[PDB]
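A.B. asks: Data file structure-v5.pdb (PDB, C-alpha atoms) is appended below.
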```
ATOM      1  CA  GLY P   3       0.000   0.000   0.000  1.00  0.00           C
ATOM      2  CA  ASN P   4       1.272   3.610   0.130  1.00  0.00           C
ATOM      3  CA  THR P   5       3.941   4.789   2.397  1.00  0.00           C
ATOM      4  CA  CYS P   6       3.535   8.044   4.221  1.00  0.00           C
ATOM      5  CA  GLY P   7       5.654  10.560   2.353  1.00  0.00           C
ATOM      6  CA  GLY P   8       7.885   7.583   1.432  1.00  0.00           C
ATOM      7  CA  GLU P   9       8.270   6.351   5.021  1.00  0.00           C
ATOM      8  CA  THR P  10       6.526   3.796   7.220  1.00  0.00           C
ATOM      9  CA  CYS P  11       4.990   5.381  10.352  1.00  0.00           C
ATOM     10  CA  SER P  12       5.552   3.534  13.599  1.00  0.00           C
ATOM     11  CA  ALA P  13       2.700   2.465  15.849  1.00  0.00           C
ATOM     12  CA  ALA P  14       3.049   5.741  17.795  1.00  0.00           C
ATOM     13  CA  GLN P  15       2.751   7.847  14.603  1.00  0.00           C
ATOM     14  CA  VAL P  16      -0.088   8.713  12.224  1.00  0.00           C
ATOM     15  CA  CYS P  17       0.199   9.863   8.624  1.00  0.00           C
ATOM     16  CA  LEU P  18      -1.167  13.401   8.325  1.00  0.00           C
ATOM     17  CA  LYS P  19      -0.801  15.491   5.186  1.00  0.00           C
ATOM     18  CA  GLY P  20       1.706  12.994   3.917  1.00  0.00           C
ATOM     19  CA  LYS P  21       4.079  13.008   6.862  1.00  0.00           C
ATOM     20  CA  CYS P  22       4.489  10.667   9.801  1.00  0.00           C
ATOM     21  CA  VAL P  23       3.814  12.591  13.005  1.00  0.00           C
ATOM     22  CA  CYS P  24       3.297  11.528  16.583  1.00  0.00           C
ATOM     23  CA  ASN P  25      -0.351  10.902  17.342  1.00  0.00           C
ATOM     24  CA  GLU P  26      -2.031  12.819  20.115  1.00  0.00           C
ATOM     25  CA  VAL P  27      -0.816  11.955  23.601  1.00  0.00           C
ATOM     26  CA  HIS P  28      -3.079  10.694  26.346  1.00  0.00           C
ATOM     27  CA  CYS P  29      -1.263   9.141  29.272  1.00  0.00           C
ATOM     28  CA  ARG P  30      -2.730   8.712  32.720  1.00  0.00           C
ATOM     29  CA  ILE P  31       0.518   7.915  34.536  1.00  0.00           C
ATOM     30  CA  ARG P  32       2.053  10.726  36.589  1.00  0.00           C
ATOM     31  CA  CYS P  33       5.827  10.667  36.277  1.00  0.00           C
ATOM     32  CA  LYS P  34       8.597  12.536  38.104  1.00  0.00           C
ATOM     33  CA  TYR P  35      10.546  13.161  34.898  1.00  0.00           C
ATOM     34  CA  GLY P  36       7.627  13.063  32.462  1.00  0.00           C
ATOM     35  CA  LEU P  37       7.011  10.489  29.766  1.00  0.00           C
ATOM     36  CA  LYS P  38       9.534   8.376  27.857  1.00  0.00           C
ATOM     37  CA  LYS P  39      10.121   9.344  24.228  1.00  0.00           C
ATOM     38  CA  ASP P  40      10.845   6.954  21.388  1.00  0.00           C
ATOM     39  CA  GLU P  41      13.407   7.753  18.732  1.00  0.00           C
ATOM     40  CA  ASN P  42      10.978   9.970  16.872  1.00  0.00           C
ATOM     41  CA  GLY P  43      10.030  11.852  20.032  1.00  0.00           C
ATOM     42  CA  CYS P  44       6.672  10.162  20.494  1.00  0.00           C
ATOM     43  CA  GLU P  45       5.285   9.261  23.914  1.00  0.00           C
ATOM     44  CA  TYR P  46       3.589   5.932  23.087  1.00  0.00           C
ATOM     45  CA  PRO P  47       3.257   3.491  24.746  1.00  0.00           C
ATOM     46  CA  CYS P  48       2.991   5.532  27.956  1.00  0.00           C
ATOM     47  CA  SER P  49       6.006   4.976  30.261  1.00  0.00           C
ATOM     48  CA  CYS P  50       7.882   7.230  32.727  1.00  0.00           C
ATOM     49  CA  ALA P  51      11.155   8.639  31.479  1.00  0.00           C
ATOM     50  CA  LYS P  52      14.344   7.563  33.225  1.00  0.00           C
ATOM     51  CA  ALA P  53      15.545  11.248  33.455  1.00  0.00           C
TER      52      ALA P  53
END
```
Could you render the structure from this file as structure tokens?
C.D. replies:
Amino acid sequence: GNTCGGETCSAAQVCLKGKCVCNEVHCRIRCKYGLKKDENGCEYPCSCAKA
């Protein structure tokens, strides 16, 4: 099928206007250093950052 601007979006991303972008973030956990980011910057699945 089509890629997204030539790329495959990860599970954390959505293809909007032909680019992979992080989907909206909804995490219930409350974390001392905020949420963990993947290598694209997305916060999915929800986990606390190491710091």
A.B. asks: Evaluated on this file, the PyMOL selection byres ((chain P and resi 22) around 12) picks out some residues - which ones are they, written as a VMD selection string?
C.D. replies: chain P and resid 5 to 21 23 to 25 42 to 44
A.B. asks: Please, could you write that set of residues out with C-alpha atoms as a CSV table (one decimal), in the coordinates of the input?
C.D. replies:
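What follows is the written file again.csv:
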```csv
chain,number,residue,atom,x,y,z
P,5,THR,CA,3.9,4.8,2.4
P,6,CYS,CA,3.5,8.0,4.2
P,7,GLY,CA,5.7,10.6,2.4
P,8,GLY,CA,7.9,7.6,1.4
P,9,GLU,CA,8.3,6.4,5.0
P,10,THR,CA,6.5,3.8,7.2
P,11,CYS,CA,5.0,5.4,10.4
P,12,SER,CA,5.6,3.5,13.6
P,13,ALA,CA,2.7,2.5,15.8
P,14,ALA,CA,3.0,5.7,17.8
P,15,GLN,CA,2.8,7.8,14.6
P,16,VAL,CA,-0.1,8.7,12.2
P,17,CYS,CA,0.2,9.9,8.6
P,18,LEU,CA,-1.2,13.4,8.3
P,19,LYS,CA,-0.8,15.5,5.2
P,20,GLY,CA,1.7,13.0,3.9
P,21,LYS,CA,4.1,13.0,6.9
P,23,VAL,CA,3.8,12.6,13.0
P,24,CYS,CA,3.3,11.5,16.6
P,25,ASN,CA,-0.4,10.9,17.3
P,42,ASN,CA,11.0,10.0,16.9
P,43,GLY,CA,10.0,11.9,20.0
P,44,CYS,CA,6.7,10.2,20.5
```
A.B. asks: Step by step, work through what the PyMOL selection byres ((chain P and resi 51) around 10) selects in the shown file, and finish by giving those residues as a VMD selection string.
C.D. replies: chain P and resid 33 to 39 45 48 to 50 52 to 53
A.B. asks: Work out where the centre of an axis-aligned box around every listed atom of region 20-36 of chain P lies and how long its edges are once 5 Å is added on each side; give both in Å to one decimal as JSON.
C.D. replies:
```
{"center_x": 3.7, "center_y": 10.5, "center_z": 21.0, "size_x": 23.6, "size_y": 15.2, "size_z": 44.2}
```
A.B. asks: Add whatever atoms are absent from region 19-53 of chain P to reach N, CA and C atoms, and provide the output as a compact mmCIF listing (two decimals), keeping the file's coordinate frame.
C.D. replies:
```
# COMPACT_ATOMS: atom_id res chain seq x y z
N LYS P 19 -1.29 14.64 6.27
CA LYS P 19 -0.80 15.49 5.19
C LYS P 19 0.51 14.96 4.66
N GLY P 20 0.56 13.63 4.56
CA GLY P 20 1.71 12.99 3.92
C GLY P 20 3.01 13.01 4.69
N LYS P 21 2.90 13.18 5.99
CA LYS P 21 4.08 13.01 6.86
C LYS P 21 3.71 12.15 8.07
N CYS P 22 4.65 11.34 8.52
CA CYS P 22 4.49 10.67 9.80
C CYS P 22 4.75 11.64 10.94
N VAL P 23 3.75 11.75 11.82
CA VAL P 23 3.81 12.59 13.00
C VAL P 23 3.35 11.81 14.20
N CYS P 24 3.79 12.22 15.37
CA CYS P 24 3.30 11.53 16.58
C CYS P 24 1.81 11.78 16.73
N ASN P 25 1.07 10.70 17.08
CA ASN P 25 -0.35 10.90 17.34
C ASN P 25 -0.52 11.72 18.64
N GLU P 26 -1.75 12.11 18.90
CA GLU P 26 -2.03 12.82 20.11
C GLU P 26 -1.65 11.94 21.31
N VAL P 27 -1.31 12.62 22.40
CA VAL P 27 -0.82 11.96 23.60
C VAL P 27 -1.87 12.00 24.72
N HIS P 28 -2.16 10.82 25.21
CA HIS P 28 -3.08 10.69 26.35
C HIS P 28 -2.50 9.63 27.25
N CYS P 29 -1.85 10.06 28.31
CA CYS P 29 -1.26 9.14 29.27
C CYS P 29 -1.76 9.51 30.66
N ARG P 30 -2.23 8.50 31.38
CA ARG P 30 -2.73 8.71 32.72
C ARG P 30 -1.61 8.70 33.77
N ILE P 31 -0.55 7.96 33.53
CA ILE P 31 0.52 7.92 34.54
C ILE P 31 1.10 9.30 34.81
N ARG P 32 1.42 9.51 36.10
CA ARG P 32 2.05 10.73 36.59
C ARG P 32 3.50 10.40 36.96
N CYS P 33 4.43 11.01 36.25
CA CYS P 33 5.83 10.67 36.28
C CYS P 33 6.71 11.84 36.69
N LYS P 34 7.70 11.52 37.56
CA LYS P 34 8.60 12.54 38.10
C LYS P 34 9.45 13.23 37.05
N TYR P 35 9.78 12.56 35.98
CA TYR P 35 10.55 13.16 34.90
C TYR P 35 9.74 13.14 33.61
N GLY P 36 8.43 13.06 33.67
CA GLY P 36 7.63 13.06 32.46
C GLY P 36 7.69 11.74 31.73
N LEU P 37 7.18 11.71 30.51
CA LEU P 37 7.01 10.49 29.77
C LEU P 37 8.26 10.14 28.97
N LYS P 38 8.45 8.87 28.70
CA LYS P 38 9.53 8.38 27.86
C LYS P 38 9.22 8.65 26.40
N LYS P 39 10.23 9.10 25.65
CA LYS P 39 10.12 9.34 24.23
C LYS P 39 10.80 8.22 23.43
N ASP P 40 10.17 7.85 22.31
CA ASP P 40 10.84 6.95 21.39
C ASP P 40 11.79 7.77 20.51
N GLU P 41 12.39 7.09 19.54
CA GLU P 41 13.41 7.75 18.73
C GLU P 41 12.87 8.79 17.79
N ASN P 42 11.56 8.88 17.63
CA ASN P 42 10.98 9.97 16.87
C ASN P 42 10.44 11.09 17.78
N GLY P 43 10.57 10.89 19.11
CA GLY P 43 10.03 11.85 20.03
C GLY P 43 8.65 11.53 20.54
N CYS P 44 8.03 10.44 20.10
CA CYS P 44 6.67 10.16 20.49
C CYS P 44 6.61 9.47 21.86
N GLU P 45 5.53 9.75 22.57
CA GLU P 45 5.28 9.26 23.91
C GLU P 45 4.23 8.17 23.94
N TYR P 46 4.49 7.05 23.28
CA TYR P 46 3.59 5.93 23.09
C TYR P 46 4.42 4.66 22.90
N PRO P 47 4.16 3.60 23.61
CA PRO P 47 3.26 3.49 24.75
C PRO P 47 3.72 4.37 25.95
N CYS P 48 2.75 4.66 26.80
CA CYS P 48 2.99 5.53 27.96
C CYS P 48 3.92 4.83 28.94
N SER P 49 5.06 5.45 29.26
CA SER P 49 6.01 4.98 30.26
C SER P 49 6.69 6.19 30.88
N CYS P 50 7.16 6.12 32.10
CA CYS P 50 7.88 7.23 32.73
C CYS P 50 9.31 7.26 32.19
N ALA P 51 9.78 8.45 31.88
CA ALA P 51 11.16 8.64 31.48
C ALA P 51 12.14 8.36 32.60
N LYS P 52 13.32 7.83 32.24
CA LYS P 52 14.34 7.56 33.22
C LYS P 52 14.92 8.85 33.81
N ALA P 53 14.98 9.97 33.12
CA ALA P 53 15.54 11.25 33.46
C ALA P 53 16.86 11.60 32.71
```
